[PDB]
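Starting off, we have a lone chain in the form deposited without L-captopril, written out as structure tokens.
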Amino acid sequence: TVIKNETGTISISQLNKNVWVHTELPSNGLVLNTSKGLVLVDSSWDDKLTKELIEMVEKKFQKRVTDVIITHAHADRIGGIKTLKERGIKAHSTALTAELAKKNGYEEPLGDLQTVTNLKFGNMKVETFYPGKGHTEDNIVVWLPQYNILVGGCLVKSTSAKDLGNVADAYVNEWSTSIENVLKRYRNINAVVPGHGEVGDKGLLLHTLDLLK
């Protein structure tokens, strides 16, 4: 299914039940329909878009957003940390992400995740994994054990991606090893959600490795 706000669209497309995708204007993220509330992988550009998304989601799902997992300290992922914060929503991040958000003048996320972290939200089991530097020093990936769904963030580029994008903060040299790391840990990947663009499969990890050489 596909549901949208109105202009400066926010849209929720659906993967399996319980797993939807949130994208705002494009930047992607996840909405996990869990027994213990709604869990979000990444907020959005800013407070407005994150405030609107939270509101559209609690409405449809008749449930409160309780947790959010930030994949890296750049605006598109950490823009609404003030909203999450004031609202009592748990913003998870690795320690680096948090100190980087701090360094850039943002509310500090939890800095609670370690290299590999296994979270559990009711039925939902979520695995966070720091594969290494790539698009950004702190970028982590999210893996849903029960669906073989990988949220690759900006470490992974969509089919339509013909360049790496903003490489200002990137580690182009480590980047390929990092993606190799994901591929070694995650054999049999059903769907891969990029930080921007269309959702695809393992092929997306290979496309990016191609944009690296």
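Just count from 1 along the sequence shown to find any residue number.
Beyond the structure shown, there is the form solved in complex with L-captopril, which is absent from this document and is the topic of what follows.
Which listed residue (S35, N166, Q62, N173) meets the criterion of a heavy atom within 4.5 Å of L-captopril in the bound PDB entry? Residue within 4.5 Å of the partner: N166.
Answer yes if any heavy atom of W45 is within 4.5 Å of a heavy atom of L-captopril in the bound PDB entry; otherwise answer no. Contact with L-captopril, yes.
Consider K202 of the chain shown here, and say whether it contacts L-captopril in the bound PDB entry, taking contact as heavy atoms within 4.5 Å. Output for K202 is no: heavy atoms all beyond 4.5 Å of L-captopril.
Proximity of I69 to L-captopril in the bound PDB entry, heavy atoms at 4.5 Å: Result no; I69 lies far from L-captopril in the bound PDB entry.
Any chance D76 has a heavy atom within 4.5 Å of L-captopril in the bound PDB entry? Contact with L-captopril, yes.
Exactly one stretch in 141-149, 46-54, 176-184, 158-166 has heavy atoms within 4.5 Å of L-captopril in the bound PDB entry; which is it? That would be stretch 158-166.
Determine the residues of 119-136 with a heavy atom within 4.5 Å of L-captopril in the bound PDB entry and present them in sequence order; the list may be empty. The stretch 119-136, when checked against L-captopril in the bound PDB entry, contributes only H135 at the 4.5 Å heavy-atom cut-off.
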